[PDB]
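Residue numbers (UniProt numbering), protein chains in the order written: chain A, 11 to 51; chain B, 18 to 497; chain C, 637 to 795; chain D, 1 to 9, 40 to 70.
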């Protein structure tokens with residue numbers, strides 16, 4: 011399609027790059043939620 | 018004949034045990050790791066893959082020859098076959114060949130027989146899911162095969178292996194592209210393979226066009242998908258570009274980025290070595306001394322072997338040009354000592370204030386410096402030897418005569434006695450005030466400013482580094 | 637809200653059970669039920685009550701074959717109300733929850749989202765006033781507007 | 001590791047710096063220290 015099947019590769023790359031960035035931010039949120047579990051303990 | 022005849026059977030089954038289950042458990046484990054998790058990557062069997070490649074690269078590689086286990090090259094590249102439920106029967110066929118080799122003699126087919134063999138993953142039609150498993154099953158015989166170095170007619174099969182790998186690379190670029198995860202396991206392989214590209218090309222011809230291909234790959238990683246790949250591609254670039262003039266110096270500034278995150282561990286530090294020599298060509302040592310020192314402290318634990326010693330060979334060069342150098346035998350290694358003996362006499366005569374002592378070492382030991390290409394320092398180091406001598410004589414004498422100082426440093430004439438000091442004052446080497454009548458040179462010792470400025474500048478590095486230790490400890494502490 | 641349900645004060649734990657109660661009532665989500673299991677075990681009195689009503693909204697029109705905790709909860713509702721040692725406060729919402737599951741003779745449920753895409757205001761208004769039933773006891777009757785009929789009507793035309 | 005680049009190719043040290051200074055300068059020295067006496 012060239013619009014398209016390969017232009018949606020960049021388009022959906024935004025999904026994978028947002029999920030990779032968000033996997034870093036979610037690792038930073040997980041390791042920080044251990045804080046709240048501990049401080050609530 | 019009876020003794021050797023009975024010693025032939027035992028060896029071949031030792032690999033046929035381990036090497037059979039090695040990439041079956043590692044490749045077959047990464048097969049289920051590639052279907053899901055796939056986080057990150059990880060794919061911890063990729064790190065295990067580094068360990069396995071390095072495992073065969075000591076013992077037993079692939080072959081040889083040996084007329085026994087040379088049939089493993091067609092074995093693992095056959096029978097995908099084809100879809101996963103059909104692969105069970107093929108996994109059993111791999112074991113049927115064990116009874117074939119146990120009953121009759123083992124068949125050896127290599128060299129010209131490898132052309133249809135490498136095309137059998139394309140003949141099976143197909144794997145069809147994992148390009149990296151086919152790239153690993155095709156490369157794993159090919160990668161230690163370079164250790165043959167026969168150079169006749171099987172190097173064009175290495176070119177055919179780069180062509181078959183480029184077919185697998187077209188399949189690497191076209192397929193997936195959305196949460197690829199095959200690329201991140203393949204970037205380790207595109208790394209190693211491209212280093213084997215340059216390895217094979219060093220024995221025949223440097224690669225001008227393969228750098229066009231390499232730079233296509235390089236720039237095409239950003240921004241679409243780059244994980245660990247481009248950090249290696251930049252080092253591929255730098256590796257032969259440092260050996261081949263020119264301009265490659267300022268090429269790094271337009272490439273960076275950085276490129277973060279630094280990977281893989283020590284693999285980034287060696288990059289700092291390459292650019293350390295580069296940035297040394299600009300004569301800036303303060304930027305060069307840190308990049309050199311970081312290379313050594315960032316690289317554990319060896320062995321092997323001599324490149325970790327060579328990076329230290331060039332480590333102390335920039336410090337020798339600085340004028341402040343520690344004694345280098347604290348890093349002395351029994352395998353390294355024997356290699357830098359001439360070099361060690363060099364630094365020995367460099368720290369001294371005798372100029373003739375320094376000019377003798379270049380004459381006798383220059384033949385070794387030709388091979389290292391290290392003559393770039395030998396022209397600019399003289400400035401540092403004269404500056405060292407004048408520094409000594411400055412602090413060690415209250416009042417010195419300019420005519421009488423020339424005999425000790427073999428300065429040879431009265432006129433340059435004024436010149437060394439002129440630029441010494443211009444660069445802030447000595448605070449002494451000089452009177453030209455006869456003339457004479459007097460010097461004075463000033464202090465008390467001293468610990469005002471110098472320790473606070475160090476503290477700025479000390480404390481920032483200590484809080485960085487605190488941040489790096491908190492980061493790894495919060496994971497549980 | 638999983639982490640807010642673990643808060644040190646039972647007031648935020650109560651609001652946190654209520655969030656999962658009212659939002660997930662139109663769904664059969666099991667994760668919400670899983671987070672509402674330990675809530676009735678808290679030694680605080682009223683937070684257990686909150687878990688009763690919330691768990692009553694997740695099980696509307698859903699029988700045991702939907703989630704395995706239906707009977708598990710239904711024995712708990714009667715158990716807490718027939719024990720004299722328990723607080724009268726906690727056993728109020730027990731029989732009240734039995735009323736939620738049985739509302740309309742099991743024939744009706746609450747729906748804040750019609751299939752058309754628009755929210756039903758008598759439902760929402762009724763339940764939101766029903767949030768605090770202590771402060772005014774007649775405010776518990778506004779929940780009757782939240783009950784919506786679920787039926788298949790095959791009326792062809794006219795009468 | 002052995003991956004990547006490397007397959008391609040008190041203590042006594044602090045005082046051993048000064049000893050290196052003694053190696054290339056004034057020998058040790060006994061004989062010269064005893065020879066300088068009768069010169070003048």
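Note that CB positions come from ideal geometry on N, CA and C, so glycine has one too.
Put simply, the backbone Cα of residue 758 of chain C is about 28 Å away from that of residue 792 of chain C. In this structure, the straight-line span from the alpha carbon of residue 378 of chain B to that of residue 463 of chain B is close to 37 Å. A straight line joining the alpha-carbon of residue 342 of chain B with that of residue 196 of chain B spans about 50 Å. One thing to note: residue 736 of chain C has its Cβ no nearer than 8 Å to the Cβ of residue 669 of chain C. Scanning chain A for C-beta atoms nearer than 8 Å to the C-beta of residue 650 of chain C yields nothing, as the closest lies near 16 Å away. Listed along chain C, the residues sitting closer than 8 Å to residue 43 of chain A by beta-carbon distance are 639.
For residue 70 of chain D, none of the residues of chain B pass the 9 Å Cβ criterion, the least Cβ distance being about 20 Å.
For residue 708 of chain C, no beta strand (DSSP E) run applies; the uninterrupted alpha helix (DSSP H) run containing it begins and ends at 705–718, by DSSP. Counting C-beta atoms within 10 angstroms of its own C-beta, residue 482 of chain B has fewer than 16 neighbours from the protein chains shown and is therefore classed as exposed.
Put simply, the backbone Cα of residue 47 of chain D is about 11 Å away from that of residue 368 of chain B.
The region 71–84 of chain B makes contact with the region 141–161 of chain B; the number of CB pairs closer than 8 Å reaches 3 or more.
The Cβ atoms of residue 39 of chain B and residue 89 of chain B do not sit closer than 8 Å to each other.
DSSP, reduced to helix, strand and coil, places residue 755 of chain C within a strand of the structure shown. For residue 405 of chain B, the uninterrupted alpha helix (DSSP H) segment begins and ends at 392–413.
With a 10 Å radius around the Cβ and a threshold of 16 neighbouring Cβ atoms, residue 639 of chain C comes out exposed.
Beta-bridge annotation (DSSP): residue 749 of chain C is paired with C:755.
The C-beta of residue 210 of chain B has 16 or more other C-beta atoms within 10 Å across all chains shown, which makes the residue buried. DSSP, reduced to helix, strand and coil, places residue 784 of chain C within a strand of the structure shown. Counting only runs that start and end inside the region 255–333 of chain B, the alpha helix (DSSP H) elements of at least 4 residues fall at 265–272, 283–298, 302–314. Under the 8 Å criterion on CB atoms, residue 22 of chain A is classed as interfacial with respect to chain B. A distance below 7 Å between beta-carbons, with the five flanking residues on each side excluded, links residue 213 of chain B to the following residues of its chain, in chain order: 160, 163.
Residue 698 of chain C and residue 41 of chain B have their C-alpha atoms roughly 48 Å apart.
Of all residues in the region 201–216 of chain B, none comes within less than 9 Å of chain A when Cβ atoms are compared. A Cβ of chain A is located within less than 8 Å of the beta carbon of residue 642 of chain C.
Within the region 25–51 of chain A, the residues whose Cβ lies closer than 8 Å to some Cβ of chain C are 43, 46, 47, 50, listed in chain order. A direct Cα-to-Cα measurement between residue 720 of chain C and residue 493 of chain B gives close to 51 Å.
According to DSSP, residue pairing for residue 459 of chain B in a beta bridge involves B:416, B:450. The beta carbon of residue 744 of chain C lies closer than 7 Å to those of 783, 784, 785, 786 in the same chain, with the five residues before and after it left out.
By the Cβ rule, the region 118–134 of chain B counts as touching the region 88–103 of chain B, because three or more pairs are nearer than 8 Å. If you look at residue 654 of chain C, you'll find it in the alpha helix (DSSP H) that goes 646–659. In the DSSP annotation of this structure, residue 348 of chain B is not part of any alpha helix (DSSP H), being labelled neither H nor E. Proximity of the region 53–67 of chain D to the region 315–333 of chain B falls short of the contact definition, fewer than three beta-carbon pairs being nearer than 8 Å.
With respect to the 8 Å criterion, residue 460 of chain B and residue 418 of chain B are not classified as neighbours on the basis of their beta carbons.
The contact set of residue 19 of chain A on chain B, defined by CB atoms closer than 8 Å, consists of 194, 195, 241 in chain order.
Per DSSP, residue 223 of chain B is not a residue of any alpha helix (DSSP H), being assigned neither H nor E.
Spanning the alpha carbons of residue 432 of chain B and residue 456 of chain B requires a straight line of approximately 11 Å.
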